[PDB]
Protein chains: 4
Amino acid sequence: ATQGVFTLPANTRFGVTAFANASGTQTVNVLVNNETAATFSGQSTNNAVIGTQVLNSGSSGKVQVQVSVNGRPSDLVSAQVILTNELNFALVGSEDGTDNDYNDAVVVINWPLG
Amino acid sequence: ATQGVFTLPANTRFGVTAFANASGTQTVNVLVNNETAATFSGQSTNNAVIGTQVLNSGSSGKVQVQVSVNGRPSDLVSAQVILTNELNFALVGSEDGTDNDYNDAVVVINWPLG
Amino acid sequence: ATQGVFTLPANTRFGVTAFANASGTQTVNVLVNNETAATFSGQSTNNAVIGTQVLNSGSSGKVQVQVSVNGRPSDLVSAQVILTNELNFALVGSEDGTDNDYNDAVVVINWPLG
Amino acid sequence: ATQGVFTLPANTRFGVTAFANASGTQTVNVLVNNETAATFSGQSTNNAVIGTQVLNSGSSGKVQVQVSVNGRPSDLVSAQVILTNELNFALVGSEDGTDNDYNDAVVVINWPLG
Ligand SMILES: CO[C@@H]1O[C@@H](C)[C@@H](O)[C@@H](O)[C@@H]1O
Ligand SMILES: CO[C@@H]1O[C@@H](C)[C@@H](O)[C@@H](O)[C@@H]1O
Ligand SMILES: CO[C@@H]1O[C@@H](C)[C@@H](O)[C@@H](O)[C@@H]1O
Ligand SMILES: C[C@@H]1O[C@@H](O)[C@@H](O)[C@H](O)[C@@H]1O
Ligand SMILES: [Ca+2]
Ligand SMILES: [Ca+2]
Ligand SMILES: [Ca+2]
Ligand SMILES: [Ca+2]
Ligand SMILES: [Ca+2]
Ligand SMILES: [Ca+2]
Ligand SMILES: [Ca+2]
Ligand SMILES: [Ca+2]
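Residues numbered from 1 in each chain as written, not as in the entry; some residues may be left out. Chains lettered and ligands numbered in written order. Heavy atoms only, no water.

Method of structure determination, per the deposited record: X-ray crystallography was used for this entry, reaching 1.70 Å resolution.

Peer 1: I tried to follow unusual backbone geometry on my own but got confused; where do I start?
Peer 2: In terms of backbone geometry, most residues other than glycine have negative phi values and most peptide bonds are trans. Here the residue pair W111(A) and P112(A) is connected by a cis peptide bond, since its omega of -5° sits within 30 degrees of zero. Backbone geometry places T84(B), a non-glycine residue, at a positive phi of 45°. Residue position: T84(B) is located in the loop between strand 8 (75-83) and strand 9 (87-95). Note on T84(B): relative accessible area 10%, which makes it buried. (Helix = DSSP H or I, 4+ residues; strand = E, 2+ residues; numbered from the N terminus. Buried < 20%, exposed > 50% of the residue type's maximum accessible area, 1.4 Å probe, protein only.)

Peer 1: Is there a simple way to explain the site of ligand 3 in this structure?
Peer 2: Taken together, the neighbourhood of ligand 3 is formed by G114(C), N21(D), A22(D), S23(D), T45(D), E95(D), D96(D), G97(D), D99(D), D101(D) and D104(D). Those residues lying near ligand 3 are distributed over chains C and D. Here an oxygen atom of ligand 3 sits 3.5 Å away from a polar atom, N or O, in the side chain of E95(D). Within the contact set of ligand 3, an oxygen atom lies 2.9 Å away from a side-chain nitrogen or oxygen of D101(D). The fraction of the free accessible surface of ligand 3 (320 Å²) that becomes covered by protein chains is 68%. (Near = heavy atom within 4 Å. Polar contact = N/O pair within 3.5 Å; in protein donor to acceptor, adjacent residues only side chain to side chain. Areas by Shrake-Rupley, 256 points an atom, 1.4 Å probe, with all protein chains shown as cover.)

Peer 1: Help me understand the relation of the copies chain D and chain B, please; the structure alone is not making it clear to me.
Peer 2: Copies of the same chain, two in number, are related to each other by a rotation about an axis and a translation along it. Under the fitted operation, chain D is carried onto chain B by 0.0 Å of movement along the axis and a turn of 180°, and the coordinates agree to an RMSD of 0.3 Å. Here the transformation between the copies is reduced to the relation of a two-fold axis. Considering only C-alpha atoms, the residue of chain D closest to the rotation axis is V81(D), which sits at 2.3 Å. A shared binding surface is used by both copies, with 100% of the interface residues of chain D retained as interface residues in chain B. (Least-squares fit on C-alpha atoms. Contact = heavy atoms within 4.5 Å.)

Peer 1: Just to check I follow, could you spell out the coordination of the calcium ion (ligand 6) for this structure?
Peer 2: Each pair of donors in an ideal octahedron of six around a metal sits at 90 or 180 degrees, and each pair in an ideal tetrahedron of four sits at 109.5 degrees. Distances from the calcium ion (ligand 6) to its protein donors, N21(A) (O), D101(A) (OD), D101(A) (OD), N103(A) (OD1), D104(A) (OD) and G114(B) (O), fall at 2.3 to 3.0 Å. Separating the calcium ion (ligand 6) from the calcium ion (ligand 5) is a distance of 3.7 Å, and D101(A) supplies a donor atom to each of them. Taken together, the residues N21(A) in strand 2 (residues 13-32) and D104(A) in the loop between strand 7 (87-95) and strand 8 (105-111) connect sequence positions 83 residues apart. Classification of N21(A) as buried rests on a relative accessible area of 0%. (Donors = N, O, S within 2.8 Å, 3.2 Å for Na, K, Ca; no water.)

Peer 1: What exactly am I supposed to notice about the interface of chain D and chain B here?
Peer 2: When the parts of a complex come together, some accessible area is lost, and that lost area is often used as the size of the interface. Taken together, the contacts link 13 residues of chain D with 14 residues of chain B. Taken over both partners, the interface formed by chain D and chain B buries close to 970 Å², and the fraction arising from carbon and sulfur atoms is 41%. If you look at where chain D meets chain B, you find zero salt bridges. There are six residue pairs in polar contact connecting chain D and chain B. Among the elements of the structure, strand 1 (5-7) and strand 8 (75-83) of chain D are those that each provide at least two residues to the side of chain D that touches chain B. (Buried area = accessible area lost by both parts, 1.4 Å probe. Salt bridge = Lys/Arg side-chain N within 4 Å of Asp/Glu carboxyl O.)

Rendered as structure tokens:
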């Protein structure tokens, strides 16, 4: 099934944070309404925060995470969890290889902020 | 119910990252086997990362997050989610005041790394 | 934090299903817009499905789960998970005693249906 | 990503319950250590319970859920959620058609019991 695609409340600020855990350079692209809004790149096998940014969900609320390693798309997993009916996390894992740890790039989206 | 307490696989490296969304300084303590292993503090109303670190779960695997603001422990909410039976997230939200947004300090624990 | 309260899409059918795992008779009450819409009850230490029902979330979409044992309110834990941005589960555990297994009555809410 | 595969604690009872929301008969197979341990069949567009059972996770703790409709394997989505470090839910959705509602057979696994 489609993964790494979330519908947020419209015109709402959210945080997006990417972590790396692989030998190869991870490229994370965050798209809002089908247009790239942040990009982070880096290599780490120690969960380096390769980028964090505050974005606005815009008119559509559509947020999509894509991950690649030197041009090759990684396979994604994702889900959303809501705590106390108020606190939202959208979670992405990605796999660039064969070991299926799905941690090669890890992306966490959180809202609301402030 | 108890919140902010997670059993990790023993002797496993994990990532812990905290964000702030509140007027007051957040202090985040991360305990491993009931001893403080990391402490983060900072202030942001824009989801700033107030700390990130890699720790080991130790012999017991017992990890606990506690949050203090303005001299008092915040009310916690938490859950653990596992994606594709491989990728683990331990998620914590906290409330230091009256509005119940639960985002005042947000803590993300992830494993495995590497 | 408040637990057992979920905001569902307005005017939308959902399934609610309750399981029992305790020596005492569980009573599960499902409130829609602050009014009892369903009540399930039974006694099992083997996950008996003490009730299942389809309800409509109504104009507000507010849904609350309350559990009691021998006329005493059980402590609740809850969260909502969303799969592939489309499939929703609202999850409730409850504790009636001292062992903190939180499985004494378990309630699963699922939408959409059809 | 592989979906509908869960590692449970070894030799532990768990509940498995399946619901149907589709025009076609859903067949749900539950495998423990790669051997079929339960099979549920049924048809409903109203979230009817097509089966419920308690099974033992065995020496491996490997549990896999498979869903088919008239012999055709359904695409799965899944996750595991743990509340208060105690109560576990393994959640599965499936899609047999083109509408991607992923509720055609919904499977809920829960543990511990008792
Ligand atoms: C070559 O494999 C890549 O790098 C390794 C060090 C591991 O992080 C593995 O998960 C990843 O897919
Ligand atoms: C008396 O304690 C109650 O019954 C027992 C059989 C257990 O299921 C326990 O979790 C429950 O709280
Ligand atoms: C033919 O399509 C199947 O039956 C319909 C009644 C819907 O439940 C749909 O989601 C399902 O895939
Ligand atoms: C700016 C405000 O600061 C504190 O009062 C928080 O509890 C609120 O949620 C908000 O972040
Ligand atoms: Ca990998
Ligand atoms: Ca890796
Ligand atoms: Ca607050
Ligand atoms: Ca706040
Ligand atoms: Ca109990
Ligand atoms: Ca019990
Ligand atoms: Ca369908
Ligand atoms: Ca359907």
